[PDB]
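Protein chains in written order, with my numbering: chain A, 1 to 145; chain B, 1001 to 1145; chain C, 2001 to 2145.
For each residue, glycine too, the CB sits at the ideal point set by N, CA and C.
Heads up, the thing below is written out as structure tokens.
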Amino acid sequence: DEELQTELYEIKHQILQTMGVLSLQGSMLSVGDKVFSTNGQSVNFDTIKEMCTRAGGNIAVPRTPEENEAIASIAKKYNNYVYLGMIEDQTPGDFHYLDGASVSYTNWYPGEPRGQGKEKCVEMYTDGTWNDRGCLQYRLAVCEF
Amino acid sequence: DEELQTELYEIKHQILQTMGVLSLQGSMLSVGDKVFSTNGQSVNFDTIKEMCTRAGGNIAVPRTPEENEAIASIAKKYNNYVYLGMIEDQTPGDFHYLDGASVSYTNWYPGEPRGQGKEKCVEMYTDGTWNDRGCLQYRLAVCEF
Amino acid sequence: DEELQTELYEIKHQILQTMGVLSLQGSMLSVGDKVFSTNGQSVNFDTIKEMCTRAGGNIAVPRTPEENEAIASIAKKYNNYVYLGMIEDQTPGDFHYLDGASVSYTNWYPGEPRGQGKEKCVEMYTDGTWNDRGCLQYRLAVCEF
Ligand SMILES: OC[C@H]1O[C@H](O)[C@@H](O)[C@@H](O)[C@@H]1O
Ligand SMILES: OC[C@H]1O[C@H](O)[C@@H](O)[C@@H](O)[C@@H]1O
Ligand SMILES: OC[C@H]1O[C@H](O)[C@@H](O)[C@@H](O)[C@@H]1O
Ligand SMILES: [Ca+2]
Ligand SMILES: [Ca+2]
Ligand SMILES: [Ca+2]
Ligand code: NA
Ligand code: NA
Ligand code: NA
């Protein structure tokens, strides 16, 4: 319908406005079709997953250098490491996304991972590099939508 | 159209993202299809209605236990009673929503209401129970959209 | 489709909810189909344009008295002048929007503009009136979407 087109125009405009306000005020970061945001809290891995899922999203995980840089900027902004959305396989050294798929893009800090299976989780340093670590530390909660 | 379907997908995704960010940061609470939010201000009944209507919403009113609990959490978060969207009928003891319909769900604190017609408004204690009270007190402004 | 209509209803409702929350909390101001918002930062003209464009919007510019009043309220809220989206033509005294079109609506403070071509930018005083000024001062960044 000619009216359907105009209705969609207004809808898209309003979305742009709301997303623009959130972006301008630093409430969220947009990279491609992914949106990253934090509540500023520092809690453990399980708690982060819960906070994100409750908000309708998921604990963040970078799959491209650009996405990695975005999360890194948030970690730097709050000066704290960030737990990423991935866990170690049965075979130490190998990690998978929470959906089970094997991790593709990686940005390990030189020498990592080397937890020998004792560090199932992955944290991001403020410079963007990763380190396998235990899952009970308090880390900045960053979600992706 | 095949293009209409994809366009709608993106629109729905963006809405999820914006709602997710607002939710994650505690800017609003979602219960079913209703959204509750506050500006943190404590003013009287008439002022609250104005603030909500100006924002495109209405002074909040719970119609289910779950909705009641949501508003109660906000009242507890700011440690202040909340005026609800309802007023006393001509017949003391009977209350109606601002649209005129008789109140169905209620959660009166034991013994309430007992203002004998001198307390036309309804405030929510931080534990979620209600009390009929005058409309000139300063209460947390909670709106529903 | 009957389903397309219902899907659109929900979409429009959600947008109203998100816009309502942003409005209630003072994150943005809505005037007609235009949305104004600020990140609270005070920087020069070029920096403001960049901040706005990066957020998906543009440095604000009022085209009606109502739009002017909205921006003025933000300037007053933060107690700081606001750079507007317009620059002086080659012919001193004449200004155009950043798209090149000649400025229509104006609200110059009595006597302005009188920079004689040395003040290419336009700033808004907290009372809403304008003054042509250099573009290197630090002014409140207000964007429109
Ligand atoms: O605290 C654990 C942490 O300590 C150091 O940073 C390194 O040995 C890391 O590989 C290890 O994960
Ligand atoms: O301040 C008025 C308020 O006082 C007490 O809380 C009770 O008597 C309530 O029923 C009444 O509404
Ligand atoms: O600082 C420059 C500024 O000074 C005064 O406010 C007036 O002369 C203005 O016209 C001029 O733009
Ligand atoms: Ca390690
Ligand atoms: Ca009472
Ligand atoms: Ca001047
Ligand atoms: Na390990
Ligand atoms: Na009463
Ligand atoms: Na000039």
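N-terminal and C-terminal residue of the beta strand (DSSP E) that residue i is part of
i         : result
C:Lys2120 : C:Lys2120 -> no beta strand (DSSP E), and no H or E assigned at all.
C:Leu2004 : Note, C:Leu2004: premise wrong, no beta strand (DSSP E); alpha helix (DSSP H) at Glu2002 to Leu2024.
C:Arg2139 : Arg2139 to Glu2144
B:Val1035 : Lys1034 to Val1043
A:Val31   : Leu29 to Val31
B:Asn1131 : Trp1130 to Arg1133
Identity of the residues DSSP links to residue i by a beta bridge
i         : result
C:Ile2071 : According to DSSP, which records beta bridges pairwise, C:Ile2071 is partnered with nothing at all.
C:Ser2102 : C:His2096
Cut-off 7 Å between Cβ atoms - residues of its own chain near residue i, not counting five sequence neighbours on either side
i         : result
B:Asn1107 : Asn1068, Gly1128, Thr1129 and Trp1130
A:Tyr109  : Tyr125, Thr129, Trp130 and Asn131
C:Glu2066 : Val2031
C:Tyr2138 : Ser2042, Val2043 and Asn2044
C:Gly2056 : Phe2145
A:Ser23   : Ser30
Contact with chain B by residue i, beta-carbon distance below 8 Å
i         : result
A:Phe145  : yes
C:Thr2064 : no
A:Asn44   : no
A:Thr6    : no
C:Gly2020 : yes
Short CB-CB distance (under 8 Å) between residue i and chain A
i         : result
C:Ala2055 : yes
B:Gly1085 : no
C:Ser2037 : yes
C:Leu2024 : no
B:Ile1074 : no
B:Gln1116 : no
C:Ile2015 : yes
Cβ of residue i within 8 Å of any chain C Cβ
i         : result
B:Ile1011 : yes
A:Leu29   : no
B:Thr1047 : no
B:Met1051 : yes
Own chain residues within Cβ distance below 6 Å of residue i, not counting five before or after
i         : result
B:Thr1006 : none
B:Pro1062 : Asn1068 and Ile1071
A:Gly115  : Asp132
B:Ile1059 : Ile1048, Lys1049, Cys1052 and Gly1085
B:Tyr1078 : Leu1140
B:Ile1074 : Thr1038 and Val1142
C:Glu2119 : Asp2132, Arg2133 and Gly2134
Contacts around residue i, its chain only, beta-carbon distance under 8 Å, and the 5 residues preceding and following it disregarded
i        : result
A:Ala101 : none
What are the start and end residues of each continuous beta strand (DSSP E) run of 3 or more residues lying completely inside the segment 53-99 of chain A, in chain order? 82-88 and 95-97
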